[PDB]
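*Asks:* The structure that follows is given in the form of structure tokens.
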Amino acid sequence: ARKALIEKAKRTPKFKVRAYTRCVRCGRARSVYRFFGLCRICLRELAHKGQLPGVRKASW
Amino acid sequence: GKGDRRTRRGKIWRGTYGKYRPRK
Amino acid sequence: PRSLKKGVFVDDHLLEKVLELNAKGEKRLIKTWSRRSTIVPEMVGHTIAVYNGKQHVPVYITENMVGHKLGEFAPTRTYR
Amino acid sequence: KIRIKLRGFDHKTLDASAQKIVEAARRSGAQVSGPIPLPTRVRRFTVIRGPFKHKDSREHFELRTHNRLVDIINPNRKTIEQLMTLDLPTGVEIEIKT
Amino acid sequence: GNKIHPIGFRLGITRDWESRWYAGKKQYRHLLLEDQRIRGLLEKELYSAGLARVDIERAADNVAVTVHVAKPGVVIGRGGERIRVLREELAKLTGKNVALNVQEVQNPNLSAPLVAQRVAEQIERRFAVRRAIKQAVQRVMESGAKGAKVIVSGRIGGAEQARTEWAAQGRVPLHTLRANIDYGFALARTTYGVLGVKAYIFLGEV
Amino acid sequence: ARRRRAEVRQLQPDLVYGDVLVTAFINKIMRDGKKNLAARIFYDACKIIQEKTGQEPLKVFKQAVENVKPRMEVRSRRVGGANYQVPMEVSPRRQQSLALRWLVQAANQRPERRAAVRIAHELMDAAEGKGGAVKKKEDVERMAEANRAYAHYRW
Amino acid sequence: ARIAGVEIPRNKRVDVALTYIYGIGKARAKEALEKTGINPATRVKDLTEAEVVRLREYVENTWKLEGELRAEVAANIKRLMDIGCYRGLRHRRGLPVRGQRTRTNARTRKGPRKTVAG
Amino acid sequence: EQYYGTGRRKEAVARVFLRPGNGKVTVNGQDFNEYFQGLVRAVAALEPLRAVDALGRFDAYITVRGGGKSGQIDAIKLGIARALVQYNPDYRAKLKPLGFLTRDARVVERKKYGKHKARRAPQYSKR
RNA sequence: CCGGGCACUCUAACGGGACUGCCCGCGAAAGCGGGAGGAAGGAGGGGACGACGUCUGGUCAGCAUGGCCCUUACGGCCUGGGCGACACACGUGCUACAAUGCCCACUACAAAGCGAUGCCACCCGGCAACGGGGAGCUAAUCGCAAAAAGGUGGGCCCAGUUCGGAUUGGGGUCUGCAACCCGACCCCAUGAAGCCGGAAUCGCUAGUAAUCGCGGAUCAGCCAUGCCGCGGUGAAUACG
Ligand SMILES: [Mg+2]
Ligand SMILES: [Mg+2]
Ligand SMILES: [Mg+2]
Ligand SMILES: [Mg+2]
Ligand SMILES: [Mg+2]
Ligand SMILES: [Mg+2]
Ligand SMILES: [Mg+2]
Ligand SMILES: [Mg+2]
Ligand SMILES: [Mg+2]
Ligand SMILES: [Mg+2]
Ligand SMILES: [Mg+2]
Ligand SMILES: [Zn+2]
């Protein structure tokens with residue numbers, strides 16, 4: 001996203017309401033997971049790399 | 001029917017509880 | 001069916017400034033921005049110009065409408 | 001009785017170091033309760049393959065966290081010796097409470 | 001378009017995750033960004049070395065930030081004049097204080113992450129793509145490998161219009177898990193424009 | 001079915017008469033996949049035949065069926081212009097299906113409220129010799145033999 | 001009989017027949033059929049000139065149904081209008097009130113479609 | 001005095017114990033015709049016995065847990081066929097023709113993406 | 001439920017098993033047809049997996065990135081509005097138009113998941129949502145949970161009607177600094193179009209379609225009938 005809009009990490013937003021994850025790396029606000037603090041993209045990126053332990057390619 | 005709010009299945013579907021769907 | 005609850009809300013901004021105009025007797029027009037702010041008896045007579053998002057609309061309050069909210073009287077959009 | 005809950009991300013690494021914390025406790029004490037598996041708690045992920053539109057793709061990712069027990073009989077006081085802190089694996093995290 | 005990252009497609013088998021440490025819960029989202037910051041600045045420097053893999057291990061405080069390279073004698077700096085300043089920058093990240101026990105890589109031309117780096121380096125230096133390629137292929141196919149392959153992106157030669165240069169020899173099956181093929185990506189910025197370079201090196205088998 | 005002549009997937013016998021025809025019928029009756037109530041509906045009517053016959057239920061059934069199955073039905077065949085309505089003998093398999101399907105169909109076409117009544121009174125009209133069942137039947141044969149002028153466009 | 005202002009349910013069940021009343025629904029029934037104890041499932045035809053009275057007196061003078069009701073509601077709307085209330089508006093301009101999408105599906109409030117040359 | 005044939009089905013396991021008894025077949029502390037109250041089929045489960053002229057000349061106590069009444073109706077029909085042979089082996093002989101001894105592999109398929117359910121695929125237009 | 005015990009179910013690792021290997025028929029062979037054994041038979045059933053390349057495909061609003069353009073505004077903070085407008089048009093869906101159904105009471109089996117400021121047992125007040133009080137759990141051992149359809153019983157009796165819940169008036173709870181614009185949920189009243197859909201058109205070949213309900217992600221709350229998974233019952237038909 002823009003740069004200003006990366007102040008989310010502002011401990012004092014004013015009200016816990018404005019607390020929006022926003023991907024850590026890309027900053028991708030949408031598709032952001034919790035268990036990873038990542039957007040559906042960066043997720044699948046590293047996943048394929050292998051920098052996320054236990055995280056395998058689901059099959060069943 | 002499966003969509004009438006003030007009824008039995010109306011809650012079962014709308015996913016709720018009320019005077020029309022208590023517990024025990 | 002408007003659910004405020006068991007603890008009404010009114011953004012102080014004017015609450016204080018409107019409650020004070022009563023001390024001098026009355027005033028002459030105001031102008032809120034918290035159209036979200038409910039309404040109380042101490043309005044009757046006043047004139048709180050609310051924002052539409054573009055302008056400051058003079059909403060002449062009245063007994064009948066004392067229970068409503070500023071916003072319902074400041075029309076947002078335009079059409080025909 | 002010694003509660004040992006071995007939980008790792010892989011069925012080998014972990015499971016392996018859970019056939020150790022027994023031998024080193026099969027002589028110095030009760031023949032143990034053998035290592036008990038316990039079902040796995042899986043965290044599943046699915047994400048639109050590419051970015052922008054194309055929502056009819058997805059690809060799937062899991063995260064199986066296996067479990068293990070073992071459990072023994074009477075803190076032999078002399079078993080803790082063969083065990084104590086002679087570990088070695090790093091892809092595990094077992095907690096305790098006998 | 002068709003295809004995957006055989007690496008992420010082989011983790012189940014022929015490939016152990018970069019970071020091999022159980023944990024999770026209210027920590028995974030943490031002990032994760034950890035590595036990122038690690039292998040993050042960790043690349044900003046060791047570029048000159050052959051920074052291939054960079055495993056990571058944990059279990060309790062005492063981490064294990066390894067690092068492979070083809071230029072170990074570079075990591076060290078001077079008996080310990082470098083391998084120190086850096087293990088210090090570690091407390092500016094992992095306050096959890098960790099090692100750094102380095103290791104080395106045999107033949108920097110089988111380490112895909114590098115083979116590609118090189119082809120990139122070359123290219124970034126205004127080199128002859130298709131030539132460098134047919135070379136790297138050899139630098140790699142010409143040392144043990146059962147098969148390799150290199151792929152340079154577009155804007156070849158600077159061409160005002162994207163292209164794609166191939167080249168590769170010997171078996172390089174990918175639809176086969178039992179494969180084991182180091183995959184190496186290499187970015188390669190340029191005066192006129194970016195352009196990655198992929199590196200595939202099929203070795204061993206079963 | 002471009003590959004092979006699909007097999008006439010046999011069906012399990014009836015939980016009573018142990019018949020297959022009967023089953024098939026129950027199957028046609030059932031909807032939304034509720035073999036239960038259907039087993040009933042039909043069975044419940046297998047009885048109603050009695051209150052109106054000293055006859056046996058099964059026979060009545062067999063007769064209703066073996067009576068509504070057609071012999072020659074229409075069939076299109078466009079040829080260098082417009083599509084003609086051609087006849088032709090009828091398959092021993094398309095007999096059954098085309099019949100049952102019509103019974104359970106004509107049944108649900110009646111005024112009777114209690115579902116089972118319908119089917120029940122329907123098999124009867126059927127086995128007997130009239131009603132919507134044999135209607136749609138003797139209404140197809142009549143369709144062919146009305147275009148029997150295309151015995152040259154066989155197959 | 002003629003319970004609420006001029007009523008006429010008959011031949012049917014009662015907990016059903018009362019329904020045919022304005023301020024009466026499948027709810028205010030059971031209540032009245034209890035606050036006045038009556039075997040619910042009885043054909044109104046088979047009603048006691050004695051119960052019809054308690055039933056009437058209750059329902060009539062216990063609520064605000066029929067005629068008098070139709071006027072109250074209309075009164076709130078008519079009121080809603082008098083003041084520049086948003087809601088008081090959508091009513092004037094035949095359009096959904098409770099915050100709904102007036103683009104697609106809006107028929108019920110708007111009625112028949114007025115298809116125009118697009 | 002005792003026999004045990006299993007029989008699973010669509011995720012339904014049935015422990016089928018067989019005892020020489022006169023034939024008081026029953027399930028989870030609930031009469032057979034009482035766990036399968038008005039379920040046309042059910043009877044099926046016993047077909048195996050009914051098939052070996054048994055039925056009345058043999059008693060059965062059975063368990064079951066998992067799946068749906070039906071599935072159980074089937075699983076049970078299996079154990080009752082399994083232990084039934086776990087008893088007399090020369091029993092398969094003509095118990096196999098019908099095959100009341102063959103784990104019904106047919107199991108619910110998965111839900112693939114971009115669909116509504118394995119096969120049921122979204123409909124479209126202007127094409 | 002406590003002692004007791006791993007035989008069974010299961011939980012989860014590891015192997016075993018099936019190869020046209022066996023018998024008949026045909027063939028030059030591959031292999032095709034049929035039969036026995038067998039849990040399964042000829043790729044047993046479903047996934048992950050998509051070749052050289054094509055469409056100058058999509059995305060410089062994910063991220064990276066060559067050039068260009070603005071640097072007191074094409075940057076930045078904020079508050080209110082907007083993304084939610086409406087005379088209409090199309091797409092994908094949901095709920096129906098009913099008696100193989102709807103309603104109340106009682107009663108019976110699932111699988112996969114989630115749970116720290118979180119799942120909330122049990123008791124209490126309230127018609128209710130929910131509020132107050134409060135046990136256990138870091139969770140095969142406690143909670144979300146009830147599965148629903150189904151089964152035994154009784155209600156309606158073919159009616160726009162006990163079908164159908166749109167729309168609108170009124171009262172109220174929970175999240176949040178704040179629900180006018182613009183949230184969901186409950187109780188009451190309201191009870192609309194709709195009685196099976198023109199020309200045309202979509203899906204699916206077996207545990208599938210059809211049908212019933214359960215969880216999850218995101219997330220304070222929610223506009224999820226959507227998306228992604230689970231399992232219950234369980235067909236028709238394929239000449240060609
Ligand atoms: Mg940026
Ligand atoms: Mg938020
Ligand atoms: Mg209804
Ligand atoms: Mg999507
Ligand atoms: Mg879609
Ligand atoms: Mg393949
Ligand atoms: Mg283009
Ligand atoms: Mg474009
Ligand atoms: Mg929008
Ligand atoms: Mg009406
Ligand atoms: Mg009708
Ligand atoms: Zn990312």
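If you're wondering about the labels, chains in the structure tokens are A, B, ... by order shown, residues count from 1 in each chain, ligands from 1 in order shown.
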Give me, as a PyMOL selection string, all polymer residues having an atom no more than 12 Å from residue 22 of chain D, counting only C-alpha atoms (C1' of nucleotides) and skipping those fewer than 2 positions away in the same chain.

*Replies:* chain D and resi 2+4+15-20+24-36+69-73+79-80+82-83

*Asks:* Where does DSSP see strand (DSSP E or B) in chain H, if you list the residues as a PyMOL selection string?

*Replies:* chain H and resi 4-5+8+13+16-19+26-27+30-31+59-62+65+117+120

*Asks:* I'd like the contact shell of segment 5-15 of chain A - 10 Å cut-off, only C-alpha atoms (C1' of nucleotides), skipping same-chain residues fewer than 2 positions apart - returned as a list in words.

*Replies:* residues 1, 2, 3, 17, 18, 19, 20, 21, 22, 23, 24, 27 and 29 of chain A; 176 and 177 of chain I

*Asks:* Just the selected residues (N, CA, C and O atoms (P, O5', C5', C4', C3', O3' and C1' of nucleotides)), exported as a PDB file, in the first residue's frame, please.

*Replies:*
ATOM      1  N   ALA A   1       0.857  -1.218   0.000  1.00  0.00           N
ATOM      2  CA  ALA A   1       0.000   0.000   0.000  1.00  0.00           C
ATOM      3  C   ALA A   1       0.876   1.246   0.000  1.00  0.00           C
ATOM      4  O   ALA A   1       2.068   1.161  -0.282  1.00  0.00           O
ATOM      5  N   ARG A   2       0.293   2.405   0.297  1.00  0.00           N
ATOM      6  CA  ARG A   2       1.078   3.635   0.338  1.00  0.00           C
ATOM      7  C   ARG A   2       2.013   3.509   1.530  1.00  0.00           C
ATOM      8  O   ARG A   2       2.064   2.457   2.161  1.00  0.00           O
ATOM      9  N   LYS A   3       2.751   4.567   1.852  1.00  0.00           N
ATOM     10  CA  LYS A   3       3.660   4.488   2.986  1.00  0.00           C
ATOM     11  C   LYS A   3       2.979   4.981   4.249  1.00  0.00           C
ATOM     12  O   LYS A   3       3.033   4.322   5.289  1.00  0.00           O
ATOM     13  N   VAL A  17     -10.887  -0.272  17.552  1.00  0.00           N
ATOM     14  CA  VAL A  17     -11.701  -0.536  16.376  1.00  0.00           C
ATOM     15  C   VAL A  17     -10.867  -0.453  15.109  1.00  0.00           C
ATOM     16  O   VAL A  17     -11.000  -1.285  14.209  1.00  0.00           O
ATOM     17  N   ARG A  18     -10.007   0.558  15.049  1.00  0.00           N
ATOM     18  CA  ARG A  18      -9.158   0.757  13.882  1.00  0.00           C
ATOM     19  C   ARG A  18      -7.939  -0.182  13.841  1.00  0.00           C
ATOM     20  O   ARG A  18      -6.969   0.081  13.151  1.00  0.00           O
ATOM     21  N   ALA A  19      -7.993  -1.291  14.558  1.00  0.00           N
ATOM     22  CA  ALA A  19      -6.869  -2.212  14.525  1.00  0.00           C
ATOM     23  C   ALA A  19      -7.024  -3.135  13.324  1.00  0.00           C
ATOM     24  O   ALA A  19      -7.802  -4.088  13.381  1.00  0.00           O
ATOM     25  N   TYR A  20      -6.307  -2.861  12.234  1.00  0.00           N
ATOM     26  CA  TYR A  20      -6.415  -3.731  11.057  1.00  0.00           C
ATOM     27  C   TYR A  20      -5.118  -4.414  10.624  1.00  0.00           C
ATOM     28  O   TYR A  20      -4.229  -3.778  10.075  1.00  0.00           O
ATOM     29  N   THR A  21      -5.042  -5.719  10.869  1.00  0.00           N
ATOM     30  CA  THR A  21      -3.868  -6.531  10.548  1.00  0.00           C
ATOM     31  C   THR A  21      -2.911  -5.922   9.534  1.00  0.00           C
ATOM     32  O   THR A  21      -1.842  -5.435   9.897  1.00  0.00           O
ATOM     33  N   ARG A  22      -3.297  -5.955   8.262  1.00  0.00           N
ATOM     34  CA  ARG A  22      -2.461  -5.428   7.186  1.00  0.00           C
ATOM     35  C   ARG A  22      -1.134  -6.186   7.110  1.00  0.00           C
ATOM     36  O   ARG A  22      -0.224  -5.944   7.898  1.00  0.00           O
ATOM     37  N   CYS A  23      -1.050  -7.105   6.151  1.00  0.00           N
ATOM     38  CA  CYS A  23       0.128  -7.940   5.912  1.00  0.00           C
ATOM     39  C   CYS A  23       1.420  -7.282   6.383  1.00  0.00           C
ATOM     40  O   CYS A  23       1.656  -6.103   6.117  1.00  0.00           O
ATOM     41  N   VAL A  24       2.258  -8.047   7.081  1.00  0.00           N
ATOM     42  CA  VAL A  24       3.525  -7.524   7.596  1.00  0.00           C
ATOM     43  C   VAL A  24       4.528  -7.086   6.530  1.00  0.00           C
ATOM     44  O   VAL A  24       5.082  -5.987   6.605  1.00  0.00           O
ATOM     45  N   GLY A  27       2.180  -5.674   3.118  1.00  0.00           N
ATOM     46  CA  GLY A  27       1.295  -4.666   3.673  1.00  0.00           C
ATOM     47  C   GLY A  27      -0.094  -4.872   3.123  1.00  0.00           C
ATOM     48  O   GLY A  27      -1.016  -4.097   3.389  1.00  0.00           O
ATOM     49  N   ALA A  29      -3.404  -5.375   2.899  1.00  0.00           N
ATOM     50  CA  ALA A  29      -4.487  -5.330   3.887  1.00  0.00           C
ATOM     51  C   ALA A  29      -5.480  -6.492   3.814  1.00  0.00           C
ATOM     52  O   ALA A  29      -5.858  -7.062   4.839  1.00  0.00           O
TER      53      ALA A  29
ATOM     54  P     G I 176     -16.874  -4.127  22.377  1.00  0.00           P
ATOM     55  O5'   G I 176     -16.884  -2.822  21.462  1.00  0.00           O
ATOM     56  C5'   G I 176     -15.924  -2.642  20.398  1.00  0.00           C
ATOM     57  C4'   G I 176     -16.357  -1.509  19.496  1.00  0.00           C
ATOM     58  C3'   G I 176     -16.439  -0.137  20.151  1.00  0.00           C
ATOM     59  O3'   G I 176     -15.186   0.538  20.090  1.00  0.00           O
ATOM     60  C1'   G I 176     -18.439  -0.569  18.950  1.00  0.00           C
ATOM     61  P     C I 177     -14.664   1.363  21.363  1.00  0.00           P
ATOM     62  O5'   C I 177     -15.643   2.614  21.459  1.00  0.00           O
ATOM     63  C5'   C I 177     -15.842   3.264  22.716  1.00  0.00           C
ATOM     64  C4'   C I 177     -16.428   4.633  22.521  1.00  0.00           C
ATOM     65  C3'   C I 177     -17.685   4.706  21.681  1.00  0.00           C
ATOM     66  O3'   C I 177     -18.840   4.379  22.434  1.00  0.00           O
ATOM     67  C1'   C I 177     -16.182   6.403  21.013  1.00  0.00           C
TER      68        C I 177
END

*Asks:* Within 10 Å of ligand 5, counting only C-alpha atoms (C1' of nucleotides) and all ligand atoms, which protein or nucleic acid residues do you find, written as a ChimeraX atom specification?

*Replies:* /D:54-56 /H:113-116,121-124 /I:92,226-227

*Asks:* Which is closer to chain B than all the others in I:202, I:116, I:97, I:210, using only C-alpha atoms (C1' of nucleotides)?

*Replies:*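 Selected residue with least distance to chain B: I:97.
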